[PDB]
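Given next are two forms of a protein chain, the same chain in both, each as structure tokens and marked structure 1 or structure 2.
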Structure 1
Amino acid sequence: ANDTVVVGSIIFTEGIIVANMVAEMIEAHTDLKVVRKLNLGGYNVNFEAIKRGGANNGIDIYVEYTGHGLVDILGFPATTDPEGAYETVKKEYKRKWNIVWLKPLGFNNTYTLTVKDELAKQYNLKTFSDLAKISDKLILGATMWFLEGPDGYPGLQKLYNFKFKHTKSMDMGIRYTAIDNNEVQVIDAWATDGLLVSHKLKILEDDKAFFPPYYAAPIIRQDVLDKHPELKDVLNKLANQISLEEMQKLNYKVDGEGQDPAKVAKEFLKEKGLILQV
């Protein structure tokens, strides 16, 4: 009579916004109440938590990215097209873990390598290969998740033979300040990052196609769907409802304009008519 589900996120702006959207949709369209949980860390943290489940100090639902799941299935970085990534993780997670991938939200939040526009013009940079030829002169500032993830810098560095003068691990917001001030020359910008809006940066082309697609989708434990089958349709109301530009704008409302992510998520859903006004 008082059933609850746990929606998890790791700790970054987009993750919390989209987890909040999932929680708001569930509470708007079902009789379930939602525990919102934040998990410390990056790679495989939400995956392990959902394997435990909300009844065992874990989570029942979170928004995963196809490429992050794909690299864990394969055991080595590989590239593919959006459908290849999505269908592979959907079938594998269902068969191995009884985890259900719902429909993609609509955006691809990939890792990138990004430089200031002026630096790109100064050195004629368009591609990762262009950058690698001169990386020995440059400093990379990047997030811990990118530097430590199996699908992040370790394999990219080996494939392109990147040789930066110095490589610094940085918090998410401050790497944008650091590249704006030329404390570093390259950052691992993420494609939906809010602060890409306010900095004059150039996203370089991954010409060897190292990275897989990173399409966000809600995923849920099958036993939670068995108990509450309505969830499937409710969460699929978000299907293709968030473009890259929309997600970027929401992220900037938090990171650039100081709004809290709960407010940003709820007002977005109200604007799009996905939940009721008032």
Structure 2
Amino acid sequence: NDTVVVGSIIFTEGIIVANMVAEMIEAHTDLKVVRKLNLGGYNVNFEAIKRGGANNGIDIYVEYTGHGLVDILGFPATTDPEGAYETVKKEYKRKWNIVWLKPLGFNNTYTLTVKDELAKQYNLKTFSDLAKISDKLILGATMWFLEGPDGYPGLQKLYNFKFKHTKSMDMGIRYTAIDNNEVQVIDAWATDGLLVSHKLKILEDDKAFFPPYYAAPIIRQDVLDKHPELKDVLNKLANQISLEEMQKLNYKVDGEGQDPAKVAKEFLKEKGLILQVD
């Protein structure tokens, strides 16, 4: 075949990075790229990569080390980033003939965030710092975070958080709530595109509750067999996206309403990862 299928679920960062992968393939090879950027949740991406692009699936997507380690493989979360990466790389190769390429450079871990003003008022840097004053505070959180021991239940047990109220707030309700001081803490991905524009600060998970969540492209071995050049092409992205860069791209989409495909391609051009005329 001469076509490769890049997938993403419906979420800003995923769509941006999947578009980057597609642009790199289109700029450095003659392969046709099908972008399947509307996959659902519940590990559909993973099921899709096991089918492959030739079987109504996908060939490549960007996965996070801790999700592969804990959710897909069922391994303990408390590990160092390199260990998590090497474990997922070895195990995905052995079990499914899927190849983890090099990390993009950022760790999009889940976190708790506060207004920068509150952080400076109480000198907050870590989750433990927040727990010490949590009895004065209200948490506004997404529904997924409040359900399941991997979210707030386990975090609260580990840190002894004592928030006065924990309010279920989906959509962008919790951002408005924290802006209005109706809540004082919200949950967020570390690369959330609204963190800077809302003057929010991410706190450190000092007890290491959350696993490393380093983004990396993963690809079927049989696609690399047909098109070995893809390895080096996609590894041109290695360590090219820092946390701050990713957050800025997410902001261009979520805060400024820009087209994620344009955001992705313009970032690549600005970094010299594709040519100005590509």
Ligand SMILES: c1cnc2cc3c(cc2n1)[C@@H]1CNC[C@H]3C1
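Along the sequence of structure 1, residues get numbers from 1 upward. Throughout, rigid core stands for the largest set of C-alpha atoms superposing within 1.5 Å between the two forms. Shifts are known only where both forms have a C-alpha.
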Tell me which of the two structures is the form solved without varenicline (QMR), please.
2
Comparing forms between the two structures after core superposition, the one residue of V71, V100, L195, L201 displaced by 2 Å or more at CA:
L201
Compare the position of the CA of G173 between the two structures after a rigid core fit and state whether the shift reaches 2 Å.
yes
Large Cα shift (2 Å or above) at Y86 between the two structures, core-fitted:
no
Is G41 displaced by at least 2 Å at its C-alpha between the two structures when the rigid core is overlaid?
yes
Please report, in Å, how much the Cα atom of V115 moves between the two structures when the rigid core is superposed.
3.7
Students should find the CA displacement of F211 between the two structures, rigid core aligned, in Å, to be 1.0
If the rigid core is lined up, how many Å does the C-alpha atom of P150 shift between the two structures?
7.8
Moved runs of 3+ residues, each with a C-alpha displacement of 2 angstroms or more between the two structures on the rigid core
38-43, 72-78, 113-188, 200-208
